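Q: Before I ask anything, here is the structure I am working with.
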Amino acid sequence: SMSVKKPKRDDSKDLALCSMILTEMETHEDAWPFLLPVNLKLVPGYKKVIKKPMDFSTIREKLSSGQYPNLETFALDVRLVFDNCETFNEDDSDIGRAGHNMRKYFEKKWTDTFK
């Protein structure tokens with residue numbers, strides 16, 4: 001509360017460390033469905049159904065330009081990528097499986113780096 005603060009957690013490396021995680025996600029062999037924004041002209045249904053499209057390139061641009069106020073808003077966009085994928089793709093598809101694998105990969109890196 002006013003003039004009463006928990007001890008200051010060192011967040012000075014968070015930007016660098018989120019960048020490294022995002023690099024590792026970018027270079028994963030199953031990243032290919034997630035590298036670029038879904039083409040809303042060429043994928044019937046996507047625009048209407050997926051209210052907040054997100055992809056790795058868009059996260060990378062947001063990260064590089066100071067549009068994440070803290071490491072949690074960064075994790076929310078990463079998870080959004082996989083939530084969108086599960087909304088649109090059957091579990092038993094190449095893209096559906098890719099999304100599950102990537103989410104697992106991300107959540108381990110996240111825990112090991114920050115928890």
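For the structure tokens, the naming scheme is as follows: chains receive sequential letters (A, B, ...) according to their order of presentation, residues are indexed from 1 within each chain, and ligands are indexed from 1 in presentation order.
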Which residues, written as a PyMOL selection string, have at least one atom at most 12 Å from stretch 108-113 of chain A, with only C-alpha atoms counted and residues fewer than 6 positions away on the same chain left out?
A: chain A and resi 13-14+16-25+71-72+74-76+78-79+101-102
Q: Hey, can you spit out that residue selection with C-alpha atoms as a PDB file, in the first residue's frame?
A:
```pdb
ATOM      1  CA  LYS A  13      17.229  -8.563 -17.738  1.00  0.00           C
ATOM      2  CA  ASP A  14      13.607  -9.435 -18.625  1.00  0.00           C
ATOM      3  CA  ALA A  16      16.897  -9.734 -23.074  1.00  0.00           C
ATOM      4  CA  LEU A  17      15.655 -12.949 -21.683  1.00  0.00           C
ATOM      5  CA  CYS A  18      12.163 -12.688 -23.432  1.00  0.00           C
ATOM      6  CA  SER A  19      14.139 -12.008 -26.700  1.00  0.00           C
ATOM      7  CA  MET A  20      16.150 -15.197 -26.201  1.00  0.00           C
ATOM      8  CA  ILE A  21      13.075 -17.276 -25.548  1.00  0.00           C
ATOM      9  CA  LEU A  22      11.369 -15.808 -28.642  1.00  0.00           C
ATOM     10  CA  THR A  23      14.550 -16.642 -30.713  1.00  0.00           C
ATOM     11  CA  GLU A  24      14.331 -20.261 -29.565  1.00  0.00           C
ATOM     12  CA  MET A  25      10.597 -20.385 -30.483  1.00  0.00           C
ATOM     13  CA  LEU A  71       7.204  -9.866 -18.980  1.00  0.00           C
ATOM     14  CA  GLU A  72       3.574 -11.007 -18.254  1.00  0.00           C
ATOM     15  CA  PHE A  74       4.749 -10.795 -23.355  1.00  0.00           C
ATOM     16  CA  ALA A  75       3.657 -14.298 -22.078  1.00  0.00           C
ATOM     17  CA  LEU A  76      -0.025 -13.384 -22.761  1.00  0.00           C
ATOM     18  CA  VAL A  78       2.761 -15.970 -26.807  1.00  0.00           C
ATOM     19  CA  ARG A  79      -0.116 -17.950 -25.217  1.00  0.00           C
ATOM     20  CA  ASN A 101       4.307 -28.925 -29.077  1.00  0.00           C
ATOM     21  CA  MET A 102       5.209 -25.216 -29.143  1.00  0.00           C
TER      22      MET A 102
END
```
Q: Write out as a PDB file with C-alpha atoms, in the first residue's frame all residues of stretch 2-115 of chain A that DSSP puts in alpha helix (DSSP H) for this structure's backbone.
A:
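Contents of the output file part_29.pdb:
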```pdb
ATOM      1  CA  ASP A  14      13.607  -9.435 -18.625  1.00  0.00           C
ATOM      2  CA  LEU A  15      13.776  -7.797 -22.135  1.00  0.00           C
ATOM      3  CA  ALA A  16      16.897  -9.734 -23.074  1.00  0.00           C
ATOM      4  CA  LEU A  17      15.655 -12.949 -21.683  1.00  0.00           C
ATOM      5  CA  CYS A  18      12.163 -12.688 -23.432  1.00  0.00           C
ATOM      6  CA  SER A  19      14.139 -12.008 -26.700  1.00  0.00           C
ATOM      7  CA  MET A  20      16.150 -15.197 -26.201  1.00  0.00           C
ATOM      8  CA  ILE A  21      13.075 -17.276 -25.548  1.00  0.00           C
ATOM      9  CA  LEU A  22      11.369 -15.808 -28.642  1.00  0.00           C
ATOM     10  CA  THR A  23      14.550 -16.642 -30.713  1.00  0.00           C
ATOM     11  CA  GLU A  24      14.331 -20.261 -29.565  1.00  0.00           C
ATOM     12  CA  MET A  25      10.597 -20.385 -30.483  1.00  0.00           C
ATOM     13  CA  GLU A  26      11.401 -18.784 -33.918  1.00  0.00           C
ATOM     14  CA  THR A  27      14.014 -21.474 -34.712  1.00  0.00           C
ATOM     15  CA  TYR A  46     -10.161 -16.620 -39.723  1.00  0.00           C
ATOM     16  CA  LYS A  47     -11.067 -12.963 -39.637  1.00  0.00           C
ATOM     17  CA  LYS A  48     -14.481 -13.493 -38.080  1.00  0.00           C
ATOM     18  CA  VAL A  49     -13.660 -16.247 -35.708  1.00  0.00           C
ATOM     19  CA  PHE A  56       5.821 -14.620 -33.686  1.00  0.00           C
ATOM     20  CA  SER A  57       6.726 -11.823 -36.110  1.00  0.00           C
ATOM     21  CA  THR A  58       4.171  -9.459 -34.534  1.00  0.00           C
ATOM     22  CA  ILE A  59       5.460 -10.349 -31.046  1.00  0.00           C
ATOM     23  CA  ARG A  60       9.020  -9.715 -32.234  1.00  0.00           C
ATOM     24  CA  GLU A  61       8.067  -6.247 -33.541  1.00  0.00           C
ATOM     25  CA  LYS A  62       6.140  -5.401 -30.319  1.00  0.00           C
ATOM     26  CA  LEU A  63       9.165  -6.583 -28.219  1.00  0.00           C
ATOM     27  CA  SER A  64      11.698  -4.592 -30.265  1.00  0.00           C
ATOM     28  CA  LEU A  71       7.204  -9.866 -18.980  1.00  0.00           C
ATOM     29  CA  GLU A  72       3.574 -11.007 -18.254  1.00  0.00           C
ATOM     30  CA  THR A  73       2.089  -9.048 -21.180  1.00  0.00           C
ATOM     31  CA  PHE A  74       4.749 -10.795 -23.355  1.00  0.00           C
ATOM     32  CA  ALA A  75       3.657 -14.298 -22.078  1.00  0.00           C
ATOM     33  CA  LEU A  76      -0.025 -13.384 -22.761  1.00  0.00           C
ATOM     34  CA  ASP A  77       0.717 -12.750 -26.475  1.00  0.00           C
ATOM     35  CA  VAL A  78       2.761 -15.970 -26.807  1.00  0.00           C
ATOM     36  CA  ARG A  79      -0.116 -17.950 -25.217  1.00  0.00           C
ATOM     37  CA  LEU A  80      -2.596 -16.136 -27.505  1.00  0.00           C
ATOM     38  CA  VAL A  81      -0.763 -17.600 -30.492  1.00  0.00           C
ATOM     39  CA  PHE A  82      -1.450 -21.126 -29.164  1.00  0.00           C
ATOM     40  CA  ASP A  83      -5.003 -20.433 -27.988  1.00  0.00           C
ATOM     41  CA  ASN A  84      -5.859 -19.118 -31.432  1.00  0.00           C
ATOM     42  CA  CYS A  85      -4.303 -22.201 -33.014  1.00  0.00           C
ATOM     43  CA  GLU A  86      -6.421 -24.547 -30.811  1.00  0.00           C
ATOM     44  CA  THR A  87      -9.561 -22.506 -31.623  1.00  0.00           C
ATOM     45  CA  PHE A  88      -9.094 -22.974 -35.416  1.00  0.00           C
ATOM     46  CA  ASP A  94      -0.132 -31.032 -38.453  1.00  0.00           C
ATOM     47  CA  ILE A  95      -0.849 -27.439 -37.344  1.00  0.00           C
ATOM     48  CA  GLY A  96      -2.877 -28.561 -34.283  1.00  0.00           C
ATOM     49  CA  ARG A  97      -0.007 -30.800 -33.125  1.00  0.00           C
ATOM     50  CA  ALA A  98       2.553 -28.064 -33.876  1.00  0.00           C
ATOM     51  CA  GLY A  99       0.627 -25.723 -31.541  1.00  0.00           C
ATOM     52  CA  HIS A 100       0.584 -28.165 -28.674  1.00  0.00           C
ATOM     53  CA  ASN A 101       4.307 -28.925 -29.077  1.00  0.00           C
ATOM     54  CA  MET A 102       5.209 -25.216 -29.143  1.00  0.00           C
ATOM     55  CA  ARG A 103       3.120 -24.365 -26.124  1.00  0.00           C
ATOM     56  CA  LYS A 104       4.897 -27.120 -24.147  1.00  0.00           C
ATOM     57  CA  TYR A 105       8.272 -25.877 -25.342  1.00  0.00           C
ATOM     58  CA  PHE A 106       7.429 -22.292 -24.366  1.00  0.00           C
ATOM     59  CA  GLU A 107       6.026 -23.093 -20.913  1.00  0.00           C
ATOM     60  CA  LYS A 108       9.176 -25.030 -19.931  1.00  0.00           C
ATOM     61  CA  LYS A 109      11.473 -22.216 -21.056  1.00  0.00           C
ATOM     62  CA  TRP A 110       9.271 -19.747 -19.209  1.00  0.00           C
ATOM     63  CA  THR A 111       9.338 -21.698 -15.876  1.00  0.00           C
ATOM     64  CA  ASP A 112      13.081 -22.411 -16.120  1.00  0.00           C
ATOM     65  CA  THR A 113      13.974 -18.819 -16.904  1.00  0.00           C
ATOM     66  CA  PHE A 114      11.634 -16.949 -14.493  1.00  0.00           C
TER      67      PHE A 114
END
```
Q: What's the separation between atom CA of residue A:35 and atom CA of residue A:50, in Å to one decimal place?
A: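 These two atoms are separated by 16.9 Å.
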